[PDB]
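Read through the structure below, which is laid out as structure tokens, and then see the notes.
2 protein chains.
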Amino acid sequence: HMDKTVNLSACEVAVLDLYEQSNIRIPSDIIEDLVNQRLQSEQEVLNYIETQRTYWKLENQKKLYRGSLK
Amino acid sequence: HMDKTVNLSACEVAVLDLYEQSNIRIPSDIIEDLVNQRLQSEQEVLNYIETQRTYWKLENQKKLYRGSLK
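Here you go:
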């Protein structure tokens, strides 16, 4: 969706590739975060991203009780 | 896009409030799509959001095999 590919550090950009080439689409939202956190290494970004991508699984999973039901 | 779904209007906001009453953080990506497409009413945005959010879980499941053992 014309994603916010802003200021990818050499590690970030490298591991971002491994994701999309792995067929793991990244939410631009966590790119927005990651770029702000600004880590050093490929290992650090792949650690951080996988944990934050597991936060995402939870926030993609958790209960909304509908509310405005029809 | 001249609808009651411009850029966080009544319905999509009310449904965002329902999410966080429920404690569900939404990815910007959801909104960055949804808020353009414009749906009819509250259940209809939460239906779509819950769908694209379900994409995001099954996506955030997929395997990046690490690779960068630096």
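Residue numbers (PDB author numbering), protein chains in the order written: chain A, 61 to 130; chain B, 61 to 130.
For every residue, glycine included, the Cβ atom is placed at its ideal position computed from N, Cα and C.
Proximity of residue i and residue j at Cβ, strictly below 8 Å
i, j, result
"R98 (chain A)", "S69 (chain A)", "yes"
"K117 (chain B)", "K130 (chain A)", "no"
"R113 (chain B)", "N107 (chain A)", "no"
"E102 (chain B)", "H61 (chain A)", "no"
Buried/exposed call for residue i, threshold 16 Cβ in 10 Å
i, result
"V66 (chain A)", "exposed"
"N83 (chain B)", "exposed"
"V105 (chain A)", "buried"
Span of the alpha helix (DSSP H) around residue i
i, result
"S88 (chain A)", "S88 to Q97"
"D77 (chain B)", "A70 to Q81"
"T111 (chain A)", "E102 to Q121"
Chain-ordered chain A contacts of residue i [CB-CB under 7 Å]
i, result
"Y79 (chain B)", "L124"
Close-in-space but distant-in-sequence residues of the same chain around residue i (CB under 8 Å, 5 per side omitted)
i, result
"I109 (chain A)", "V75, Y79, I86, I90 and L94"
Proximal residues to residue i (C-beta, below 7 Å), its chain only, five neighbours per side dropped
i, result
"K64 (chain B)", "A70 and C71"
"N96 (chain B)", "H61"
Proximal residues of chain B, C-beta to C-beta of residue i below 8 Å
i, result
"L94 (chain A)", "Within 8 Å Cβ-Cβ: nothing; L94 (chain A) doesn't reach chain B, min ~13 Å."
"residue 187 (chain A)", "Outside the displayed span of chain A (61 to 130) sits residue 187 (chain A), for which this structure offers no information."
Residues that residue i contacts on chain A, provided the C-beta gap is smaller than 8 Å
i, result
"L106 (chain B)", "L124, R126, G127 and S128"
Neighbourhood of residue i by C-beta, 6 Å cutoff - its chain only, sequence neighbours within 5 removed
i, result
"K122 (chain B)", "none"
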